[PDB]
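Okay, so here's the structure we're looking at.
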């Protein structure tokens, strides 16, 4: 899982901040 | 005890930079 | 800095005004605290800065002192007040504590009544031997139980348990349990229990033979 | 994300070029590592980001794949290379592993020799009954042992151990110990050991009576 | 070179607790995400927990979520794993491992592992006691006061309630504080003093109740 | 109101390790110097260790310096105590306590305490093994191959060395990996297969060596 308001960017391999 | 470069000041009871 | 608390044991009655003194190895100013502790419970803060009463703590407690000598005073003991009292010096990030003072209910000296019990044949059959020595209804608390197997004194193969002051006659009781394996129990004849106590002018031995 | 490694057991010979596969439940880019682990030791990193060979690791190791399917390849097995291999997916702050592949030296199927031992009188006298079942020199590794007492099947009161492949014949051996208290051991007549293995067409049972 | 070393393993009864620490050699943990991994008896590995750099986010496996806690100490380079309400399937070898590689990047594998610490969870969360009688001597200190009782051995966990003659006898009864044996199990004794004359008529039964194990035992005590 | 709660306590053998942890309720630790204090069976209290706000300074009692390590987790409100190379005299009830009071000042007492966690260390750091024979069945699978061995029970810690006939008999032998019993002691067995015809003349002894306890046991294995 990622921290809140972060998603798993498979391309990057890291939890990225996302909005939606 | 106090950290290094500190001494115990009995009157106040706190560590002091000496 | 070493705290020397005094005495180790105080015997008193309900309603008495008693005092415990804490001695410092060097000047401490007023950085002293007093704690109460009941068996198997967390220490409770009573007095700090030598004389400041923690709010909620009954006003029959008070402390006083400065430098090397400090004193705790309970003015009119209640049943609730029988426990252990700990002094403490605190400064910087360290703390140090005294021996502790146990406060107990006063009554006459009482010698232990010693009983010795052989292990049951059922437990022996399952492979273990428990030899029990009971010290019944004694006072004061400090008592010594020594295990002797064929006159050889035992070390580190026993455990003991002590009761709190009896609500009726204010006595203590001790129970000692010598634990041996079936085979090692077969190796010896006479199993003895030696008891030293203040009310005994000399020690008391109790024993049995295997069968 | 779920990882599925295949096969569970890979049976091979020295010099062979073997392949392990690992299939991700969803697209994983190239975020995958392979690990080697020798029994009782830590996992060693071999290959990461699907195909990057970690420095120091021998070049006969190589990985490939992208998306949902990844493969580890060992070109020219050495004796040292017989161990368990794990696939790992790593992303974010978590990770998830595959079931693991154990690599073993291939030889012919061999049925175990089965032996059952009674507990010794000395141990019985001390209060514990140990009944040992020995499975001797068998291949492959999977072999199920079942304790039976008066034809009631036992559970959770036995432990077993297994040797690593033998240097000479590449076989496994298994030792299983049924532990009971003296009193429970006396309650029953027949103590059985039932062995199921690929070598045996029928489950083999060995038994004994108390004297 | 880069080394990790875990300590804290052992035997735990089910429902119990155990804490693991993990110290390091030849690197600073503050640069890395730290992980706890376990090898189960089946053979495979399971990711257990992780902390991000400076404790920003902690992640747990579903099976341990709510029960385990992972902490880190950047200044003295230590990692912790608190394990509570332990299940039998928690039995495994536990390794701490660092997220890193030869050439550090945004997303790294586990390049360095500690040797592992063994953790075994016993199925028996509870064990009932055995009650052996402490028989009185029919000949000792004349027709005066005799002592008899019950020895309660090998129970887990605390506590045990002991009463005499279905609770009818209270006078002169002493139930002793429990004692923790090197086996990891408890043992207490309960005694009573009665007149010597009452031995040859009145029977004495001690009632032992151990709520945890749902075990109630009565033991008739009589002279040998 | 203000509460603390310890966990981690139990039994350890001398030289072993135990990790303790302390959680809190209804206050934040980041505002306090945290302390470990222990109660000895003697009755009195020993100050064990302290850790200053945001970890600036860690302080230890002379008796535990070099063996204990105190850590803090300000974000999740935990304090840890690592105990290593444990001695018998470390046997005590362990309390964590905060430095504070009603009105926080420069030098505060310990106003809040956890209930305590029991830690006990056994003198025996080592235990020698017991050796029982696995006697061959003299009437079973004809005059072909017979199996016999030794059973090595209840030893701590590892390892144990087994050899047969003072190392002369090497062919056909299997020494099994040790198994950890719920008693906390290890147990392995060592077997050998031999021609059935040799049973009535050739005597078989196993040489059990346990370096930790300095124990050497030889065992005659013969048919019943």
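Protein chains in written order, with this note's numbering: chain D, 12 to 31; chain U, 496 to 513; chain R, 689 to 899; chain W, 689 to 899; chain X, 26 to 249; chain S, 26 to 249.
Beta carbons: idealized from backbone N, C-alpha and C, even for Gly.
Looking at residue i: is its Cβ nearer than 8 Å to the Cβ of residue j?
i, j, result
"residue 789 of chain W", "residue 858 of chain W", "no"
"residue 101 of chain S", "residue 94 of chain X", "yes"
"residue 786 of chain R", "residue 496 of chain U", "no"
"residue 82 of chain X", "residue 74 of chain X", "no"
"residue 40 of chain S", "residue 108 of chain S", "no"
"residue 801 of chain W", "residue 865 of chain W", "no"
"residue 897 of chain W", "residue 878 of chain W", "yes"
"residue 214 of chain X", "residue 159 of chain X", "yes"
"residue 212 of chain X", "residue 153 of chain X", "no"
"residue 832 of chain W", "residue 701 of chain W", "no"
"residue 172 of chain S", "residue 824 of chain W", "yes"
"residue 945 of chain W", "residue 712 of chain W", "In the structure as shown, chain W begins at 689 and stops at 899. Residue 945 of chain W is therefore absent and cannot be evaluated."
"residue 96 of chain S", "residue 98 of chain X", "yes"
"residue 718 of chain R", "residue 127 of chain S", "no"
"residue 42 of chain S", "residue 32 of chain X", "yes"
"residue 738 of chain W", "residue 728 of chain W", "no"
"residue 139 of chain X", "residue 730 of chain W", "yes"
"residue 45 of chain X", "residue 44 of chain S", "yes"
"residue 106 of chain S", "residue 61 of chain S", "yes"
"residue 846 of chain R", "residue 835 of chain R", "yes"
Figure out for me which residue from the options has the closest Cα to the Cα of residue i.
i, options, result
"residue 715 of chain R", "U:501, U:505, U:509, U:513", "U:505"
"residue 78 of chain S", "S:57, S:130, S:117", "S:57"
"residue 733 of chain R", "R:773, R:699, R:704, R:706", "R:773"
"residue 228 of chain X", "X:90, X:211, X:202, X:194", "X:194"
"residue 828 of chain W", "W:737, W:861, W:726", "W:861"
"residue 813 of chain W", "R:831, R:870, R:711, R:712", "R:870"
"residue 137 of chain X", "W:886, W:724, W:895, W:706", "W:724"
"residue 80 of chain S", "S:54, S:164, S:67", "S:54"
"residue 217 of chain S", "S:199, S:205, S:168, S:156", "S:199"
"residue 830 of chain R", "R:778, R:792, R:708, R:874", "R:792"
"residue 148 of chain X", "W:746, W:844, W:784", "W:844"
"residue 822 of chain W", "W:810, W:803, W:816, W:811", "W:803"
"residue 783 of chain R", "S:167, S:59, S:157", "S:59"
"residue 166 of chain X", "X:69, X:220, X:52, X:242", "X:220"
"residue 706 of chain W", "W:741, W:751, W:850", "W:751"
"residue 881 of chain R", "R:805, R:888, R:811", "R:805"
"residue 248 of chain S", "S:161, S:129, S:223", "S:161"
"residue 117 of chain S", "S:146, S:105, S:182, S:135", "S:146"
"residue 134 of chain S", "S:144, S:123, S:206, S:163", "S:123"
Mind checking which residues open and close the alpha helix (DSSP H) that includes residue i?
i, result
"residue 725 of chain W", "No alpha helix (DSSP H) holds residue 725 of chain W; the beta strand (DSSP E) holding it covers 720–725."
"residue 871 of chain R", "870–874"
Residue range of the beta strand (DSSP E) that residue i falls in?
i, result
"residue 812 of chain W", "First-last for residue 812 of chain W: 809–814, but that is the alpha helix (DSSP H), not the beta strand (DSSP E)."
"residue 243 of chain S", "240–246"
"residue 850 of chain R", "846–850"
"residue 732 of chain W", "732–736"
"residue 805 of chain R", "801–805"
"residue 703 of chain R", "From DSSP, residue 703 of chain R is part of no beta strand (DSSP E); its letter is neither H nor E."
"residue 883 of chain W", "878–885"
"residue 511 of chain U", "509–511"
"residue 235 of chain S", "229–235"
"residue 694 of chain W", "691–694"
"residue 199 of chain X", "198–200"
"residue 22 of chain D", "First-last for residue 22 of chain D: undefined, no H or E at that position."
"residue 792 of chain W", "789–793"
For a contact meaning CB atoms closer than 7 Å, what does residue i contact in chain B?
i, result
"residue 138 of chain S", "This model lacks chain B altogether, as its protein chains are D, U, R, W, X and S."
> With contact counted as at least three CB pairs below 8 Å, one residue from each stretch, are the stretch 836–844 of chain R and the stretch 172–191 of chain X in contact?
Replying inline: Short answer: they don't touch.
> Pairing CB atoms from the stretch 229–242 of chain X with CB atoms from the stretch 26–41 of chain S, are three or more of them under 8 Å?
Replying inline: no
> What are the complete beta strand (DSSP E) segments, minimum 3 residues, inside the stretch 90–176 of chain S?
Replying inline: Complete beta strand (DSSP E) runs here, min 3: 93–98, 103–108, 117–124, 135–138, 142–147, 155–159.
> Can you list, in chain order, the stretches of the beta strand (DSSP E) that have 3 or more residues and sit fully within the stretch 27–82 of chain X?
Replying inline: 28–32, 35–38, 43–50, 59–64, 70–76
> What residue ranges within the stretch 734–784 of chain W form continuous beta strand (DSSP E) runs of no fewer than 3 residues, ordered along the chain?
Replying inline: Counting whole runs of 3 or more residues, the stretch 734–784 of chain W contains the beta strand (DSSP E) stretches 749–754, 757–763, 772–779.
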